[PDB]
Structures are given as structure tokens and as C-alpha cells.
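Student: sequence and experimental coordinates follow.
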Amino acid sequence: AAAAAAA
Amino acid sequence: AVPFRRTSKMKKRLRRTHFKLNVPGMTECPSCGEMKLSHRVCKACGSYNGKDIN
Amino acid sequence: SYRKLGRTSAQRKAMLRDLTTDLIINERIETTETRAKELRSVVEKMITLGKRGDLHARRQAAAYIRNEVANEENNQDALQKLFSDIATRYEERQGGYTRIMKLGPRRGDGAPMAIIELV
RNA sequence: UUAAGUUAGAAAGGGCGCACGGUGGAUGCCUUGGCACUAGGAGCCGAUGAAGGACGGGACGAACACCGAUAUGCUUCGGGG
RNA sequence: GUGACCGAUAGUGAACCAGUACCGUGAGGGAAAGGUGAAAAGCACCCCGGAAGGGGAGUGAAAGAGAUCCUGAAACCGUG
RNA sequence: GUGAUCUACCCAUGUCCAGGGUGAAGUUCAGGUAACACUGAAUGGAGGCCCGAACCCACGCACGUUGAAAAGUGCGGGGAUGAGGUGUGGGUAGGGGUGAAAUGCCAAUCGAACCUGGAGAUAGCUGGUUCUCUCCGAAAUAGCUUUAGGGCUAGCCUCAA
RNA sequence: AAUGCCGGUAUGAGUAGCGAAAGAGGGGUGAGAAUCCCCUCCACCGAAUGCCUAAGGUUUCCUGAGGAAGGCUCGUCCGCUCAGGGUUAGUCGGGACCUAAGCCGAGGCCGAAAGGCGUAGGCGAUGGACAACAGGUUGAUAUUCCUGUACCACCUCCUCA
RNA sequence: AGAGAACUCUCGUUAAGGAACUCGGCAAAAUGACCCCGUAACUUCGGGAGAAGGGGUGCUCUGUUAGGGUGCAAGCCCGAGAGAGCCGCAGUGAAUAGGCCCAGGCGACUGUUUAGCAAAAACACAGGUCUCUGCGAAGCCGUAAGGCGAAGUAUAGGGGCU
RNA sequence: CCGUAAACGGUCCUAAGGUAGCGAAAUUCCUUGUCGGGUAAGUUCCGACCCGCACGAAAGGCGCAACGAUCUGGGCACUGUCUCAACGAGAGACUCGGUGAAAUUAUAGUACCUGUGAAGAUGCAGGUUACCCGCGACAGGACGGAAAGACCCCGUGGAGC
RNA sequence: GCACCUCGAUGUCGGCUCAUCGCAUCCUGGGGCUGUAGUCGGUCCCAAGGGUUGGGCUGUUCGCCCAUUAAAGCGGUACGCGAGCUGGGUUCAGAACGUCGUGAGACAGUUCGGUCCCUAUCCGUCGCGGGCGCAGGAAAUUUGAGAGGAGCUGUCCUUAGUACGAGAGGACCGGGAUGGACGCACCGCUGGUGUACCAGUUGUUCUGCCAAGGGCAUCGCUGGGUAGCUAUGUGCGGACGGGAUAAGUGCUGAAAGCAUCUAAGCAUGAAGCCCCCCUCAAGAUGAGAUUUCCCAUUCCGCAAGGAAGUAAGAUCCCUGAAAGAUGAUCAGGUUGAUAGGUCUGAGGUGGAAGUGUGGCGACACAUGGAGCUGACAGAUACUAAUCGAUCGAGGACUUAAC
């Protein structure tokens, strides 16, 4: 996936 | 926006070369002194060319 | 170009009217230097309005002078003071009714202060 | 004096070494307290009101300890000077 | 009464107003913090300063020993 | 064992919703039937009605994202007499409760809350493992294995007899 | 050498920030004033940014000194520090009155134990009953203090029918 | 305090074009207040509907207007709808009070939901249908006692689907 | 499956092989199916053809006024959304006075090109450039920082269903 | 395809912004062969200098279509670029349709909705300063080693309806105008803006009231507008030309008695190259050059050298903008116009207040192109640029002539 959704 | 390496002492001192501040334009007051910065009323005697105007 | 002095235009007008009237009563005030430079032209323009002495110049000056008492136990307003004392005092002099004398910097903010006086 | 060459000194500030200080509580001494046990004792206190607390009591300001409107205490019997 | 047990980051969490301060509604969790000198003899008095804090003068064996106060390292900050 | 002082639902008792419109059922007077029906005016003021403030909410954008704020602000937006908001006092407790149902919420915590114990759980996994010198010195192969980055025995290393 | 634990100190760096929204001048105190006090203008809120009254906090309230640390600057000032002072009720709210939801609950019914449930009875306001108003007063208390007029419950050493 | 750089944010204008921008009129602009005329397709006849679309608002007098409220009256309030006019580019002159229209999908509707990423076509909803249950009922919470159901009684309760 | 012009006939199989009503759909890979409308131009939209991979009758079918902070098309008005940006106001940014952090950090006197190398170099090799120290800006690199990748795999790990 | 690097993180598509590089060249430039009659063409060479579009559909690259154009070129740079930007699609948590699965659930099948953090330390880039050097200290003017910018083209008229061609059709070359895009400057016009300019107007409050004004309501709103800044406005540029050249075309000529573009010698030849066009440029440590001032003091150190005052000149401080974040630059500091004020003007706005006249009044007219006016000019020392202080050289040694 490699989704950049860092919180 | 994050420092990669810490600044060394010598680089910090080289950057602080121009951080110093200058001597003001201070001159002899003709009434009493000493001394009086240029183009301002003297804080001691309250005179300016040359009346006591406070 | 005139200065903005860090204020809104309405605040600029109100502060300039306050400083002009306060210079007109107390005859010597101590402000910052740039406020003095912005104030002196307005003050000599209002003295020039007081020079004419007619009703229209007085009604022009009434739109700028705030309603504070000038002379105690006489009930004299500032607007009467322009047309009674200042205009008769500066009848011969053509301009240059104020001078600015600089003081040292202020303690709290380093602001260069100045003495304003009617001469 | 000209022309062509060759060098030193330059320090806004900096580097290294040395000297003199400041910050800090490591280290070294040092216990006022702890940790394991040994030889003995003691192993229960309470409706005749317990364990534990709250609120107070000193001439004097708050707290620890002590005491309970008889309140920083009160008797009797001994120790001690 | 004894340790081929510890010595203040160790030893009880707690050598010190410690299950305290503090955190959590609550059950509960839970610190940091010892050292002047033998004796306060704790710097009378003078000067600068509003005071704090200094420099002399005294006490003291030592004042660089002066209230987190024995010794005082290094990181760090400075002056030549 | 501790929690419904946040929040989900329920119980009891209170309180709030500026104003302005649309206009029902029903009734009366007429046209009208033997008696009902139907139509036009007057009265009436029902509605999980309409526009819109307090109040509640979170639809769009922007800003903030080591913020004024561990969820807000500004400009607009939706509901606003009801399946409404809200105060006080209470009840339901974790293999449970509650849920107009999202795997939502139950104290900034949720496909199983938090605290203390079993407990120094276990980890074939990752990281780390503190003084010096000398002598000798590998392997990354085979077999088997719920075995393939683990293990055991052989192979290779070292010391002694 | 564990994204180790604790303590101290650097780098970033004299950098970001100093947290919505009006200040100006003249006098005063003071060692020191843009920030403290007074005065005059000007400005803001005004179904509030006004008055009071709960929950909650608890001394933060008043006076006299003080400025170390805390005021994201300064400070002569403060909700900061030290000394003193201040809260007066039969009528206001609650309790010597009542009860709802809910809770406790003799005897009692169940249950390895611990306990769970439930009559009589009681507790429990957010509700019902109930008697004081208008002025003044201090630096701090006001339908509590004072001056007027009152009202509610209870009792007679008394006087009348 | 003071200079009014770039850039960031909150705003205000802008010639001639206008959605050529963009995934998409997102954002912004515009209309929006009172009175009068008029208002379509469709329809469950209630609506749609403030549909759409047009016109007028300022001030002086005639004017303590006509007409109402109050009072013993004088007198003080609510005051339309018009005729003479007077001004400005502008008249609810400022600030707050809808942008509309046509054709489709889904869900009827009001409502509710992932506190702190998704408000929807999701959930719910009256109606419809099936099934269980004759009372110490069924179904539930509890080992039980006890209780909800219900101080109800098959036109009543529980469960499934729509 | 095969014929015959949905419907009928022959055969296998099952319990029986989709009725009405819809249909390129929130359902259609081919596919932007074909035709027409809308536009100068329409992979979206609308109305029909059936050629329905893989609609379908209470996990309801087909329509449906009103309604929606819903989704998808098309028009009027409107405009800085841009063609194509230009000014003006305020806050920050800039300067000065006062106060003053944080993420990060092996040491660091820290150029460029082409190669080499754990295969993408500030530090290596060859060459080309470059006096020392600052201030205001931009963000290409430092495989930048922030979170022992969430994807994938493994664990004879776990948890929920 | 392999799995070498990264799983104690290398953000992945398509667009926006900014670009740069290679030609296997889309056009423009120069050519060869053509079954090239001319225009238009086909193929193959040399050439990267410049330019290579506005939309409808779809998240789309791609692709189709509309209208142009000289052409709407292929690729690389982490399929360039998210500490530069957006999340429409992929790619979370919700909910549906079709299909599969008894089921929980699944689908490079579809649809609706869905949190994109960072204050720049270093190298890089864009600008601006302070030091020191350039063998004395200064004020100006400069050469250019090097570097950057620019480099594109359409249409019309003549030559000429000529050459050519049965006709239709129709030139190469050479001149002259007018455009598109881009760039550089500046506003005199055309406009925009112009929050200390002028006028109108609404509500409330204030100056005791009328009148006249002030405050607030987005600068309250509306209509204009000086300077400055601006484009959509205006002016200008890519012009004419030299040198060596590429592909080609050749001359004279032998190896090889001929022939021959070549092996020696000479040409001609492109929007490529190096200049002429513009700009920065001696930190060009190789620090250059010309002009003109100041002079060669005092005290120590016997030599080298070091301190104090100063000349020429510059700075601190102040008034300001033609400049500007701050520095810097520029105009100036009392034998002077640097800024403000005053006066007179330019421009803007549009007929001030008061008085009088007409009207019942709202209002109009005259005084009167009036009144007012921010940065725009010219005069005028009225006010401020005071007195003052600081920095700043005594010129090393050889060689040829003096």
C-alpha cells in the first residue's frame, strides 16, 4: 500500500 | 527544518563575530558633561546649544 | 509619504488629534521622535488655521480640536486658545512654530523620546 | 625616479598549548539509617469501647513528638541528686 | 550481641517532618533531598549599593570555611 | 478489586425555547337534502408545519497541526413545540453493561476499561554483554526434523593423556 | 555503545514565541516609570464584557508594609510575600416538617463461604408546607448590624368573657 | 517602539472577457427587507409556492389625513392609500435578515449514527407479513430467592424479515 | 446443447429451470456497445434497442407528489476560479529595547563534474573551480527530522469473529 | 527476468509551478538523389540556436473530436520536482450493487464519503553588507581574463501573373511594409489601485440647542481622484554584417603518364561556433591601467620594527529619498534649499460656511470655477540638520639607466 498517513 | 549536526564551538564563535554592538556617538557636553550623546539633550544639565531648556 | 505609526487610520487620526490638542493646552509634551515628526506639521497647519481668525477657519479647526479645557477658572476651551493666544503670539512668524529636541532612549522599550514645544 | 622580479607583516575574528576562574556534585573520607542473622523473651488487643484517625491543648508564629476540656498533662511506690 | 553486609544513584520507597510532596474521580502509583567549624566563636565597625551582593577590618588552625557550608573532577561557559 | 463527576440508555423531579407567517379538524351564516352530503364567507388555531434569534449540532472552505486549544477559531450552514435542549438526584460494570446499530461508548483508554497480584509469564526474535598479552585456529557441508534464519549427530577447531 | 536509567550541561540561538480586540497626554510617589496612583480626552461591551446566585474554589476579601521568586517584558503594582482585620438571621437556604426515583433494611426467603434479595420501618430534593419589609451604616457584614412599623410557633408569676 | 521588503494569513477594489479554472462553479461574487400584480409541469388535492417572473419604497405640504386605541373632554399613541412637488449615480442609500430553473439515481417524510477522519443511499420510523405465548404465559437478568414482561391478558406482549 | 421462426420441437439433468415488471443499471469485462438529443467538440448525462459475463418479485419488483447540509448532468444571473495578474489596509515576518525555548545532534576546517564502491558520494580517485566572516530569502541534497513500516513475508507469537 | 540497496520508513499516479539535458529533428536554416515541368511533395545528410496551442470527454498518461498554427517532436533527469502545491484515482476505518462463499467475509469488478506535520543546522541557489589583501595613504575614471542575457517567426505588395506548364496552376532569388509570441524599460495617453484627497447619503451618540461638525457602523455605504506602484497602455529589441566551418559544390593537380574534391595548395558554403547587440566584471592573490591631491613629523627600539598626533580624505551623529528588510547607495548638514512649515502655483473634487432673495416647506439661486486639498512643482532659513569626536602615510630588498 505504502500510504503516507503518519499521525 | 531540523539541524543535521550540532554547531561546533569555533563555528558558533565565528557567527558571533558581528553580534557585538558599537560605541554610541558620545561627545563632550559644553555645559558640564561627562559625556553627552550627539544630537540629544544632556541628561545631566538639561541644556542644548546652550539654553537650559530641560 | 506620511508614517503609519503602527496604528489603524482611524486610530492614527484620533491619536494625532489627541497629541495636537494636548500640545495646544500644555505647550510642551514628551513623545517619541516619529510621533513628534508626524505631529509638528499638523500642529503648524492648525496654527495656520488659527492665523486667519474667520468663522470658516474656526469651524475647520473645530473638526480637529477635541473638547478639553485649556485655561482653568476662565472656562477657556482649546479652540478659543488658538484664536486668542497662539495666533496673536505667532502673527509675525511665518511657519516653524514647533521644534523637536531629542532625548535618550526609554527604559521599557528603547524608544527614542523627544521634546515638542511651541516656538 | 622608472621597469621587472623576490619576500616580510598584517587578524574582523579563529585554532592549538599554558595560566587563572565560574557552573556541577562525580570521586575520596564520613554517618545520623538500613540489610541479614544469633541467644533469650513475647506472639494478641477489644462493648470496663480496640486498631487507626479528626479536632484541640505551650505566654509566643506553623509543623513533628507527647497529651486529652484534669489536654506539652494528674496521683502512688521506687531509682537519682 | 555479631557480620571477609551497604555507605547517600548504595543500603528499607523513605539516614533528611516519607508513604511526604506530586499525579489519578477512584483503586492505586510514588519521588528528590546527608556533611561549616572542635566550639557560632554565624563576619562588631568603615566604604559602594534602594536592597541583594561585594572590598577592607575582625573571630577562626584554615573565610578560596560565610549558610546545598568537607574535598571538590569532566561535559560547559569565560579572561589573558 | 476500582470506576457511568466524560459518555450510552433508563427512572424521578424541575427549567428553557425573542418574534413573524401558513393554515387543519370542528362550529356559525348563506346557496342546499324529507333527513346526509358539496361549495363561498366568518370563527377556530391543530401540525414529529414554515422563516428566523437564544439553545443544540457539526455540512463546506480557510487558518492552525513543537497550535490561543491532546479536536478549536473565522465566514457561511442544519434543527429550533418536539423522536427537543438542559439542570439536580439516582440505576445498569468488563467471558459485563449500554447501543434509532458505528465494532460506537463505558473518565483524552475499547474487536474487550483501569489498578494490583500470578510475574523476573514466555519469546527458536532484535539489541547489549565491562582489563591486557601469548599459542593454536574454523565453518557457512551431509543426514534427519510441523523443518527451511531453530535444533541434534557427523565434518572442520582447541586442550590433555 | 541497550531508540538503557538518573543527574548536570551544550547545539539549534540571542532564534521562534511573549497567547484575539485603542490608547494618548499632564501631574504624583519613587533609587529606578510606556506598564503603579490621580486627572482630562478618546475608545470597547451593553439579552453583556452589566447586576446576583448556585455548583465549585476556600481567605483568593479589607488595611499597612514589602518585591526575592510568580507576573511569558518592566514593576514603586498584583488573585505574590509578611503582619493584623473581616462572615452577626425565629422570618434568607437546609436541619429539630413531608415524600418521589433510588438506597439501607429487625424478623424473613435463597445461596460453598463471602453474600444476594425483600416486608415492617427509615433515609433520600431536583418537588410540596412554612413566619420581614423599607431606608441608613464600615475599609471589608446587610430582606443578618441600627430606626421604624410587623408577622409565625410555644408558655403563663398576670388581667378580662 | 518603528520601517511599511519578499513571503504567509484576514480583508477591500480592479479595465476587456467571462467558468475559458478545476475531478467538480471548491472558494468568491450575486440575490436576499416591506407592499402590490402574477405564478407552470405534476400531485396523495394537503402542496409545489417566498415557484418562476415584473413594479414601487427617500424627504416636504394637503397632514393633530381618512379610519382606529385611550380618556369626562382638551389632549397623547397605531396610522394606511393617494395628489402637488423637491433633491441626488443611488432612496429597506448604513448593518443584519433566500440565488433560482430543467432533467435523473437513492432514500418517502421529521429524526439518529462512527465524541476526536466517513451524517450518507447507512440506522430508525408508522404500515405490511411470518412465528411463539392461556398467565406461576412466552422471552429475558440471576445457581437460587427475587424481578422485568405487567400491577398488562391474544385488538396483549416477545422474536425474524421488509 | 441442436433446430425452428419471445414461442415451439428433439435430448441430458434436477425439486423446477425466471412469471409479471425493469434493463449497458449504485448491477455490463468486451465497451467510449449502436442510434438520437444536448455542445463547435460530450470515456460523464438523458431516451430507446437486448447483445442481461453476473436484474428480478418482502435479503422485495416497478412507479411515485412532497422532502434531503445526498449523488450525477444541463441552463440564467453573478463574479480575480484564470486569460493575467495589479494595487491598497491590518497581523506576523525586517530593525531596535526587555525576556526567551524546542525538535535534532559520532567528530567535523562540511564545493562541482565524471567514474568507483553494499550497484544513487561533502568526505574515495581523476580533473575543474573557490579570499575570511555575516544578514535577508528559496528549498535541490544531506537516501533530512518526527513514529524499532502499517503494505509483503516469517514466528510451530497473539487477539476478535 | 534476478533479488544487489533501503522494511529502528527511499511517500507511491495524474495535474499546478519551475526547469535543465540528448538528438534517433516537428518547424525554421544549408544540401544530395528524385519516376523533382512550377507550387506542394518523398527519401537521406549537416545542424539543439530559438520556438514548439486553446478547448469538449474522462482521475486519467494515452487516446478521439472541434478551431488554429511554422510546427503543435520524441525521450532522460527517483516514469525530474508533495521538508514547493492539490488528493480526483489507487490506498485504512462506514455503507450499498453484481458475483463467490453455509458462514464470518472476498473481488487490478462498480459507486457514494473519507485528518497530506516541520520555526532551515550544513552544502547548494538568489540578493545585500562588514574585514583584510592588492608593498605609502586617498578621490574619481576605466581596459578586459572570464561570465551571463538575447537568439523565434507569420501575412501582404513588387520583381511577376515572369520562368515553367496544352491548360488549370504557378516560382527560386532580391527588396518594402504590417503582425503574433517573448523580453527590457517607462507612463506622456488609455485604464486599475490609491485607508491623512473632495463630494453626496443612512442609523445612533456627542459638541447645552438651530445651523455647522466630530465618533462608530467593512475606509459605514456610494461617485470621483494627486503622487507612487502598475498592464490590459506606450516606446524599443532580436538589424546590417565579418572570421574560421559542417553536410554539400568545387579549382589546379599526381600517387596510378588517364581519370580524380585530397594525399600537398586554394576556395564557396547553415537559424550550429567566435565576434559585432546588451549586462556584470582586476579577490583576473596573474589583485591591471590612467588623471589629480597629501607629504615626508615626534618618541622608543642601535637593525628589523612598535606607539602618539596629523595632511589629503573618510567616518560617528543628524535632515531625507531618485535608494532601501537592516546594512549599503544617493542628495545634503547653517558662505544652505536636505526635510517639515509658510506663500504662490499644477492637478483633483465640484459651487464651502455665513448672509440675502423666492417658496408653507423639503430646496434652488447670488456672493463665487467658490471652498478644501496626502506624498507634485517653484520661491522662502521660520523649525530641525548644534557644539563636537573618531579613523586615516612617513612609503622592504636586488637588478639596467638615471
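Tutor: Cool, got the structure. Numbering: from 1, shown residues only, chains lettered A, B, ... in the order given.
Student: now do the same contact list for the residue most central in space within chain B.
Tutor: The structure's chain B has its C-alpha centroid closest to residue B:24; by Cα atoms, centre = their mean the separation is 3.8 Å. Counting by Cβ atoms under 8 Å, 6 or more residues apart in numbering or on different chains, residue B:24 touches residue B:37. In short, each C-beta sits where N, CA and C put it, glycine included.
Student: by proximity to RNA strand G, which residue of chain B wins?
Tutor: residue B:7 (3.4 Å; Cβ to the nearest atom of the strand).
Student: wait, a strand at that residue?
Tutor: No - counting by DSSP: H, G, I helix; E, B strand; the rest coil, residue B:7 is not found in a strand; it is coil.
Student: what is the neighbour count of the closest residue to residue B:30 other than its chain neighbours?
Tutor: Spatially, and ignoring its direct neighbours in sequence, residue B:30 is nearest to residue B:50 (6.4 Å; Cβ to Cβ, 6 or more residues apart in numbering or on different chains). When neighbours are counted by other Cβ atoms under 10 Å in any protein chain shown, residue B:50 registers 10.
Student: go on, residue C:19?
Tutor: Neighbours of residue C:19 (other Cβ under 10 Å): 19.
Student: how about the one 10 residues further on?
Tutor: When neighbours are counted by other Cβ under 10 Å, residue C:29 registers 18.
Student: tell me how far it lies from residue B:13.
Tutor: 47 Å (Cβ to Cβ, to the nearest Å).
Student: quick one: residue C:69 from RNA strand H, how far?
Tutor: 27 Å (Cβ to the nearest atom of the strand, to the nearest Å).
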